[PDB]
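Some notes on the structure that comes next.
Protein chains: 2
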Amino acid sequence: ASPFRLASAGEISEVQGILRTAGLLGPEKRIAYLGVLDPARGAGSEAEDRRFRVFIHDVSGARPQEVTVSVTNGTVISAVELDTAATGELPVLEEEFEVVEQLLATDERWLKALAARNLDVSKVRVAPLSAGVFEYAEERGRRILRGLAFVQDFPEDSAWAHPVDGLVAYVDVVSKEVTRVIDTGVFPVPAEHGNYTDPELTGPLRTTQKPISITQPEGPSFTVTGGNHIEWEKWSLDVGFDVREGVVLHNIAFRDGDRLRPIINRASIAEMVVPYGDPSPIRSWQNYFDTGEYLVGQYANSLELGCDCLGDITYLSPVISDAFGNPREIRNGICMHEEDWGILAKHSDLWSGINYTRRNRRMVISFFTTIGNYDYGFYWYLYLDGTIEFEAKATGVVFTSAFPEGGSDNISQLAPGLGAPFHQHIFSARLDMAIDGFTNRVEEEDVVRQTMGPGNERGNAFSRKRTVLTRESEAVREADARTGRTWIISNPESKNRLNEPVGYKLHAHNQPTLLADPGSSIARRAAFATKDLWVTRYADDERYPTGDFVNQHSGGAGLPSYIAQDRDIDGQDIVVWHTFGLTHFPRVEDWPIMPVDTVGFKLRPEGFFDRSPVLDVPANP
Amino acid sequence: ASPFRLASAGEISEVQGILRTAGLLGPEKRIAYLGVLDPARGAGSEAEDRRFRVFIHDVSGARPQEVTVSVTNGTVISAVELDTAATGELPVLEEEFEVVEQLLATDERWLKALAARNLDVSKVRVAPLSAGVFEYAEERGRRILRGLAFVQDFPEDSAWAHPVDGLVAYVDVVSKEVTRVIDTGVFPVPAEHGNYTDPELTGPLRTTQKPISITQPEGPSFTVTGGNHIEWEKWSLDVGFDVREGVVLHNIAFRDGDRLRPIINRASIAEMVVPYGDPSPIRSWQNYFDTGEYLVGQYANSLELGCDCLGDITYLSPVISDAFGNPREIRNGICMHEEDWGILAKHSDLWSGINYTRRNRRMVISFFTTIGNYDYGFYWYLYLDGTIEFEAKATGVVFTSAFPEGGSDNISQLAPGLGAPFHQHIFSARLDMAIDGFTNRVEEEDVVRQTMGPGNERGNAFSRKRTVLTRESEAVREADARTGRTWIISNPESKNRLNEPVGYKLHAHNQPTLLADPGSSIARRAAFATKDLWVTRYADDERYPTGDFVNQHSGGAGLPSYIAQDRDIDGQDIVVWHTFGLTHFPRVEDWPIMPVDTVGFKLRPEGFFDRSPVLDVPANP
Ligand SMILES: [Br-]
Ligand SMILES: [Br-]
Ligand SMILES: [Br-]
Ligand SMILES: [Br-]
Ligand SMILES: [Br-]
Ligand SMILES: [Br-]
Ligand SMILES: [Br-]
Ligand SMILES: [Br-]
Ligand SMILES: [Cu+2]
Ligand SMILES: [Cu+2]
Ligand SMILES: [K+]
Ligand SMILES: [K+]
Ligand code: NA
Ligand code: NA
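Listed in order, the protein sequences are those of chains A and B. Here the first sequence is numbered in full-length UniProt numbering, starting from 9 and rising by one per residue. Here the second sequence is numbered in full-length UniProt numbering, starting from 9 and rising by one per residue.
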């Protein structure tokens with residue numbers, strides 16, 4: 009069986025037993041993260057050792073631990089006590105969320121703030137939000153959550169329509185104390201509802217949409233073996249799932265004649281951050297590391313056939329751990345299917361008389377997650393021509409505030425008195441490269457304009473240049489859309505039939521990167537988001553661009569610390585980290601529920617093949 | 009009958025008859041362009057006057073004429089003789105293309121050049137290409153085509169595999185004279201074939217692709233009336249076709265409650281240019297304006313069901329003129345259909361308990377043209393949420409040359425000895441805007457970064473700014489991907505319920521623009537392509553960014569001449585001209601037939617609606 013297979017319920021049960029038995033899972037303990045470790049470099053020819061990594065919280069205040077377990081052998085390999093003030097706090101527990109609202113509900117300062125605004129405490133929902141690190145000395149080493157209030161008029165009401173501005177609270181979810189309640193002044197609570205299933209708002213549902221039926225009478229063209237191994241139109245890969253990262257692709261390879269050719273060893277979205285750009289002290293601390301602080305995998309939706317995923321769908325149902333180490337299945341959490349993708353190649357030739365058309369298609373691997381008000385879909389695409397693409401789809405309900413009477417340079421008006429603070433959604437794709445194997449390098453390619461003159465008398469010439477990134481200190485790069493800048497990953501020791509190194513070219517969307525001031529806390533904690541492309545030398549323990557414990561960690565962790573090692577990356581085992589994001593100035597059309605917007609990137613073969621790899625695609629019926 | 013209906017065969021025949029009756033279409037005359045004119049501003053209530061514009065060429069060398077005819081009234085409205093040396097030659101006639109190879113076959117200089125290379129003239133194809141304007145004074149006022157040679161080994165051979173470098177000829181297609189044959193020396197003619205239907209090159213065809221069936225059991229959701237009027241999911245528009253521009257969209261509007269709200273009055277691709285970046289004298293003159301010089305509409309393919317267009321397809325079969333004024337149908341030249349487009353909106357709310365998912369779809373209107381080795385697809389999309397998008401798809405066989413022994417800074421190697429000169433494919437979308445009517449303005453929107461300090465103590469704030477373009481002199485704009493630059497077209501006299509002007513936001517891909525030296529002929533002739541965005545005041549005779557007559561025409565017409573008028577565009581009837589293109593450094597993967605690559609743009613509503621316009625979409629089955 010493959011060492012890249014999905015974790016089983018039984019494996020999670022075994023982990024639980026090992027911990028309990030070792031005295032590491034007492035009643036005050038909680039599992040904040042649990043996931044299988046990938047195989048070490050060079051092991052496929054050694055006996056498998058399924059290992060799991062676990063972060064263990066203690067609700068009684070004791071120090072948390074990082075533990076590594078071997079389920080194959082039934083042992084604890086390592087258990088280290090964590091100093092959270094130094095290395096960071098553990099991810100937020102799903103169970104700690106409800107705690108903010110409950111604690112506030114009996115706090116005199118909070119109740120006084122609600123009384124001033126004539127709000128029934130029973131109707132006030134509180135969003136349990138990550139704290140970050142600012143000027144509050146007493147917070148260092150404490151697990152803090154901050155809370156913003158929203159009014160829910162009735163059980164099925166959308167509370168996002170009714171933010172309570174001018175009020176914020178801080179809570180210690182371990183000592184269960186309210187550390188601060190800040191009331192900067194009363195703002196009107198927006199009164200219009202945002203109930204998008206209410207006929208009064210939707211009006212009569214349209215009856216004009218006729219069905220579109222998408223079927224595959226002989227079934228799908230892909231095969232799934234060993235639970236999660238996919239083969240499709242020359243492509244080979246394994247679909248992993250981790251509670252923090254979500255869907256992870258392993259061993260992406262392409263079968264070129266009689267050779268299975270590696271392209272990417274591991275692909276994942278290794279972090280994603282949502283920084284807010286409203287300077288009000290009510291929200292100025294607001295930055296959500298959806299991946300690193302909340303763990304997007306654990307909140308993956310069950311995807312419904314015909315609504316979420318359309319066509320001939322093959323599902324995976326990944327298993328994760330709950331807080332106590334019990335296995336929990338996410339039914340139909342991953343969708344797999346192939347889609348038509350228009351014309352692949354076409355030419356009608358006058359001279360030969362040959363008219364030729366071929367159709368394209370893509371393999372899709374997706375999941376969808378919900379984090380409070382946001383919902384994000386993560387889509388990986390494999391195309392017939394060798395192209396690999398990622399796309400994030402952002403939807404959900406916008407995070408809201410009051411709209412100030414005088415207007416705002418940092419907030420949009422969505423409805424009367426209803427504001428939506430400006431923010432970004434910024435992702436980091438970690439691509440552990442393996443172009444024809446692990447000996448890889450990256451070049452930055454810019455188009456080069458040429459001056460009219462000798463050797464270019466008509467002034468029509470243009471060219472391009474490539475710069476090898478040889479050391480990590482030179483490998484922090486920025487976009488330059490104006491010069492058509494891309495990055496090529498190649499294997500200097502593997503050449504195509506024209507004697508050029510095989511390569512793949514990364515095409516970025518060139519959206520803005522992190523907008524915050526460089527001296528800001530968020531710029532330090534999300535340093536990765538300040539630049540478009542980073543290249544590091546592969547290492548076991550360098551997994552996330554923000555480090556292992558993002559919650560309430562002071563800046564510098566992750567990429568900035570990795571890069572500081574200044575390792576050789578010229579013809580070596582390397583990792584590309586691409587930052588890409590949406591900058592969101594919410595529009596009226598985003599309310600009361602927002603239409604999907606998208607961002608992503610793709611990689612196209614660049615002299616990887618000896619000619620088109622789709623000449624053997626047959627004519628369509 | 010709608011004044012925006014497609015031209016009928018009868019109308020074209022009637023234009024022929026009116027021209028003949030007027031003495032303007034004798035046996036030496038040829039129609040180089042013929043198209044219906046759009047209704048004048050403010051004519052909606054006035055009765056139908058269908059008028060046609062015609063460019064008439066004379067094969068005896070007399071001066072050509074531009075003529076406008078009223079087919080309704082049976083009259084010549086205007087007829088003027090053209091001085092082509094000044095204002096430009098007429099578009100290339102389909103009949104002139106074949107003249108080049110025919111004449112060269114008997115030219116002693118051409119025969120000697122072929123003999124030097126041991127090539128059989130009977131097997132030498134000549135690509136007949138637009139000439140542009142260079143240092144050859146004898147070409148001024150003459151209709152010239154330039155020819156580049158390719159060997160075709162047998163009737164079904166792809167000649168593009170066998171370019172004959174070091175050789176080019178110039179031909180006067182009216183006097184039937186070879187004006188120049190330039191031979192800069194013998195290059196090896198690449199020997200490998202590029203026959204993508206030959207089993208020896210394709211290998212065994214895949215048997216792994218299972219069928220994807222897309223059907224609509226109740227038929228499509230759009231209706232077609234009056235021949236070309238489309239209504240679909242609140243959208244209303246008319247699909248026109250013009251021999252020069254191809255598919256043209258008219259009267260794009262969206263039904264919002266009771267009101268039919270205009271958005272775009274006319275959308276077209278008003279020019280495209282393909283400049284080559286190889287400084288070899290054999291190709292340094294090489295640029296074509298497929299739209300302006302060749303007329304892309306006339307080379308539209310007939311699109312095959314299940315191959316070119318998949319699903320429930322409604323076709324239009326537009327009619328054009330032949331060279332003598334006889335009508336000719338392009339059977340199935342335009343495909344129209346709707347397609348699923350993933351998730352439209354989705355939110356699973358913990359507090360309300362409501363899980364909500366809706367699906368997206370788009371209406372597609374497309375055609376595909378073939379000119380020489382190139383094949384271009386033009387796709388317009390309308391989305392449920394009010395988004396409008398255009399996409400160009402480039403495929404075909406790349407234009408080849410020899411690959412120089414020492415390598416090249418301006419040409420890629422595709423196969424042994426076979427090169428592909430660098431080039432661009434650049435489009436101009438002309439958007440005659442009508443956001444809620446004709447009173448419009450354009451603002452450039454940039455993200456604004458803020459400095460940490462008073463009022464922004466945590467350094468998280470970010471903002472944006474909008475700059476109104478008030479006069480044509482300040483309306484020639486460039487991309488700035490780094491600052492998230494977009495352009496908003498708004499109506500300052502039509503406000504949403506929040507008292508803000510309704511608008512649409514143009515999102516560009518921010519690809520490189522024209523790379524040629526600003527001193528080059530191509531930079532003058534394709535001036536529009538040097539900047540990303542232009543805004544003009546609407547005028548009847550301002551149709552193309554390159555002017556009416558592009559063939560062998562120097563600078564002096566088109567956008568730079570229009571802009572000089574410095575007209576008020578702040579709350580006026582305005583037109584947006586957006587430049588966007590591909591910069592193509594050909595890859596081995598592009599050979600022997602290239603996979604589709606794409607480029608485009610879209611516009612999204614920006615406070616146009618008072619809330620999401622898709623709340624009335626029903627749950628899918
Ligand atoms: Br315990
Ligand atoms: Br209340
Ligand atoms: Br999907
Ligand atoms: Br910090
Ligand atoms: Br005549
Ligand atoms: Br020959
Ligand atoms: Br289509
Ligand atoms: Br010129
Ligand atoms: Cu957002
Ligand atoms: Cu090209
Ligand atoms: K065991
Ligand atoms: K008539
Ligand atoms: Na690697
Ligand atoms: Na206009």
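For each residue, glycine too, the CB sits at the ideal point set by N, CA and C.
Given that a residue counts as buried once 16 or more other Cβ atoms are within 10 Å of its Cβ, and exposed if not, what is residue i?
{"i": "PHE162(A)", "result": "exposed"}
{"i": "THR377(B)", "result": "buried"}
{"i": "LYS242(B)", "result": "buried"}
{"i": "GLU346(A)", "result": "buried"}
{"i": "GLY82(A)", "result": "exposed"}
{"i": "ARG148(A)", "result": "exposed"}
{"i": "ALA402(A)", "result": "buried"}
{"i": "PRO219(B)", "result": "exposed"}
{"i": "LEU213(B)", "result": "exposed"}
{"i": "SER498(A)", "result": "buried"}
{"i": "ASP540(A)", "result": "buried"}
{"i": "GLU480(A)", "result": "buried"}
Give me the Cα-Cα distance between residue i and residue j, rounded to the nearest whole angstrom.
{"i": "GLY202(A)", "j": "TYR552(B)", "result": "46 Å"}
{"i": "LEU268(A)", "j": "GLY555(A)", "result": "33 Å"}
{"i": "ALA410(B)", "j": "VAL172(B)", "result": "7 Å"}
{"i": "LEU506(A)", "j": "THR475(A)", "result": "21 Å"}
{"i": "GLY527(B)", "j": "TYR284(B)", "result": "15 Å"}
{"i": "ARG252(B)", "j": "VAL304(B)", "result": "6 Å"}
{"i": "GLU397(B)", "j": "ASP440(A)", "result": "34 Å"}
Residues in its own chain within less than 7 Å of residue i by CB, not counting five upstream and five downstream?
{"i": "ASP66(A)", "result": "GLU36, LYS37, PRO72"}
{"i": "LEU101(B)", "result": "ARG38, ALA40, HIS65, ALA331"}
{"i": "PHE593(B)", "result": "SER420, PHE430"}
{"i": "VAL159(A)", "result": "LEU127, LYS131, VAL132, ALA167, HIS170, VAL172, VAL197"}
{"i": "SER16(B)", "result": "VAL327"}
{"i": "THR80(A)", "result": "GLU56, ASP57, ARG58"}
{"i": "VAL484(A)", "result": "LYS539, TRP542, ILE571"}
{"i": "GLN294(A)", "result": "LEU137, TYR284"}
I'd like the list of long-range same chain contacts for residue i, defined as Cβ closer than 8 Å, with 5 residues on each side in sequence excluded.
{"i": "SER502(B)", "result": "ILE443, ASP444, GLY445, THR447, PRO509, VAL510"}
{"i": "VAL194(A)", "result": "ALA124, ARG125, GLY174"}
If you drop the 5 nearest sequence neighbours on each side, which residues of the same chain put their C-beta closer than 6 Å to that of residue i?
{"i": "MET344(A)", "result": "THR322, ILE373"}
{"i": "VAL107(B)", "result": "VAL181"}
{"i": "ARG336(B)", "result": "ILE328, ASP330"}
Which chain E residues are close to residue i, counting only those with a beta carbon under 9 Å from its beta carbon?
{"i": "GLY254(A)", "result": "Although the question refers to chain E, the structure presented lacks it and instead comprises the protein chains A and B."}
Beta carbon shell of ligand 1 at less than 6 Å from a heavy atom: My final list is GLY34(A), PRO35(A), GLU36(A), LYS37(A).
Cβ pair count under 8 Å reaching 3, the stretch 333-350 of chain B against the stretch 568-586 of chain A: Verdict: no, contact absent.
Three-pair Cβ contact test at 8 Å for the stretch 574-582 of chain A versus the stretch 358-371 of chain A: In this structure the stretch 574-582 of chain A does not lie against the stretch 358-371 of chain A, because fewer than three pairs of beta carbons, one per stretch, are closer than 8 Å.
Given 8 Å, three or more beta-carbon pairs between the stretch 306-317 of chain A and the stretch 464-474 of chain A: Fewer than three beta-carbon pairs drawn from the stretch 306-317 of chain A and the stretch 464-474 of chain A are found closer than 8 Å, and the two stretches are therefore not classed as touching.
Stretch pair the stretch 611-624 of chain B + the stretch 178-191 of chain B: three plus CB contacts closer than 8 Å: Taking a contact to require three or more Cβ pairs closer than 8 Å, the stretch 611-624 of chain B and the stretch 178-191 of chain B do not qualify as touching.
The stretch 311-322 of chain B in contact with the stretch 213-228 of chain B per 3-pair CB rule at 8 Å: A contact is defined here as three or more CB-CB pairs under 8 Å, and the stretch 311-322 of chain B meets this definition with respect to the stretch 213-228 of chain B.
Those residues, in chain order, that have a beta-carbon closer than 7 Å to some heavy atom of ligand 14: The chain-ordered list of residues whose CB is nearer than 7 Å to some heavy atom of ligand 14 reads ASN273(B), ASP440(B), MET441(B), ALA442(B), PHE446(B), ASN448(B), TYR546(B), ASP581(B), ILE582(B), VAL583(B).
Closer than 6 Å: residues whose CB approaches a heavy atom of ligand 8: Applying a distance threshold of 6 Å between residue Cβ atoms and the heavy atoms of ligand 8 selects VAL141(B), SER529(B), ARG532(B), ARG533(B), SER562(B), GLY563(B), given in chain order.
contact_flag[the stretch 425-440 of chain B, the stretch 398-413 of chain B] where n(CB pairs < 8 Å) is 3 or more: They touch, by the three-pair rule.
Stretch-stretch touch, CB-based, cutoff 8 Å, three pairs: the stretch 514-521 of chain A with the stretch 493-501 of chain A: Contact between the stretch 514-521 of chain A and the stretch 493-501 of chain A is present: 3 or more CB-CB pairs across the two stretches fall below 8 Å.
Chain-ordered residues, beta carbon under 5 Å from a heavy atom of ligand 6: Counting every residue whose Cβ lies closer than 5 Å to a heavy atom of ligand 6, we get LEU127(B), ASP128(B), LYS131(B).
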